[PDB]
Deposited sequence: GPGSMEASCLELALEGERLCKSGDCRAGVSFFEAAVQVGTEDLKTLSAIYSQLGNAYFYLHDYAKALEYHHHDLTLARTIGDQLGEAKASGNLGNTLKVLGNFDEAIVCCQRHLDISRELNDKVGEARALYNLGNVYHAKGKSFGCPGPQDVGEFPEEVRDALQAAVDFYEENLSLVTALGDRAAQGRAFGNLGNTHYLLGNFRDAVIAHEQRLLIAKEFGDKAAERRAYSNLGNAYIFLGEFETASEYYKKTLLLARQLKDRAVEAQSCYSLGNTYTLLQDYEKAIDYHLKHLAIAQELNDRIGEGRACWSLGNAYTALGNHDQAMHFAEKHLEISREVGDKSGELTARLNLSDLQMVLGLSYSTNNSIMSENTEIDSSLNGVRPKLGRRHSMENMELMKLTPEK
């Protein structure tokens, strides 16, 4: 039968996506749609998986199309849980696409339905999504409405943190703490940003999540710069560098060096500034990062000019004019 082949194809789609082969898995889900099935419930789950797979492949236009089909079918068959899920997914896709007004409505529907159904897990997830949308909306612009969007994000993240604490969901706390800390940073609440990123750091360590650990050090560094605590900030960027190398991440290593360069400039230790800027210059060429190469040149020109070396300043400015043209 069609229904049996459809399920077989869908199972393989799910296997391949879980194994991290979204490209191959998409084709199986699309084969499954091609064969077809009378079970609209099954079809709905295939659309939703296509939507997510295309989302992770960064084809957001396609993700939206498939989540909208899923949302519609969820209404057709009166699957309220499925409707809630499809709405959250559509809202998240709209957020990435920069369509924040509609994203808010969809994410709000995921929440409202989750409450109606007394689904605490879904409710929590929807509050995180909403925090994210309001954060992106505020950041995309403070005018009062912008401050209000960011403050609503804070509130949504705090509400989430409250529920996921009851649920014992540590990975969810990790996500909320990190985005809450970034929202505090945008609002100028720099002490609160540190507190949030400290919790995020702790959770990253608990999971052995090296990239989350590295994000948190880096975000902590940024908050301490705006607190005027430049020495402490350099210390955190030292931790990110050490982690960058460990992880053998070339780009991330280059950022840390740049960040340290700027931080010593604020401390007025121009020799160290030069040192790290050179290391950034080096890795930027390697990765084919032309934009980075120019920035290094400009930074180095300013450091050599403040240090006293009026020859190398001119040389790097000379190199800055080249890159800028090229």
inquiry  = If I number the deposited sequence starting at 1, which residue ranges have no C-alpha coordinates at all?
reply    = 1-3, 145-154, 340-406
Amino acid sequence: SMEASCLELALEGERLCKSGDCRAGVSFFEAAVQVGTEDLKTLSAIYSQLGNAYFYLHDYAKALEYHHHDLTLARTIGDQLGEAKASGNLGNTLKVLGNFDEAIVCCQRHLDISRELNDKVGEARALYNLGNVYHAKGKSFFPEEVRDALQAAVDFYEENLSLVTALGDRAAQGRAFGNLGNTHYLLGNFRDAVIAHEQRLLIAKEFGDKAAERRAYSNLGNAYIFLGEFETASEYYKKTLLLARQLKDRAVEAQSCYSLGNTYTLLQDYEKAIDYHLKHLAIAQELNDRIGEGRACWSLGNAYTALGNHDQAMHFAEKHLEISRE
From here on, numbers count along this sequence of modelled residues.
note = Of 152-160 vs 220-228, the stretch with the larger average CA B-factor in the entry is 220-228
message = If you average the CA temperature factors as listed in the entry, which stretch comes out higher, 252-260 or 164-172?
response = 252-260
inquiry  = Comparing recorded Cα B-factors across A196, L243, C106, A212, which one is largest?
reply    = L243
ask   = Taking the Cα B-factors listed in the entry, which of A61, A45, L278, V33 comes out highest?
value = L278
request  = Could you say whether, by C-alpha temperature factor, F190 belongs to the lowest, middle or highest third of its chain?
outcome  = middle
Record-listed C-alpha B factor of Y134: chain third = lowest
task = Consider only the C-alpha atoms of the modelled residues in this chain, order them by B-factor as the entry records it, and name the third containing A84: lowest, middle or highest.
result = lowest
key: Record-listed C-alpha B factor of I113: chain third   = middle
query = Comparing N52 with the other modelled residues of its chain, is its CA B-factor in the lowest, middle or highest third?
reply = lowest
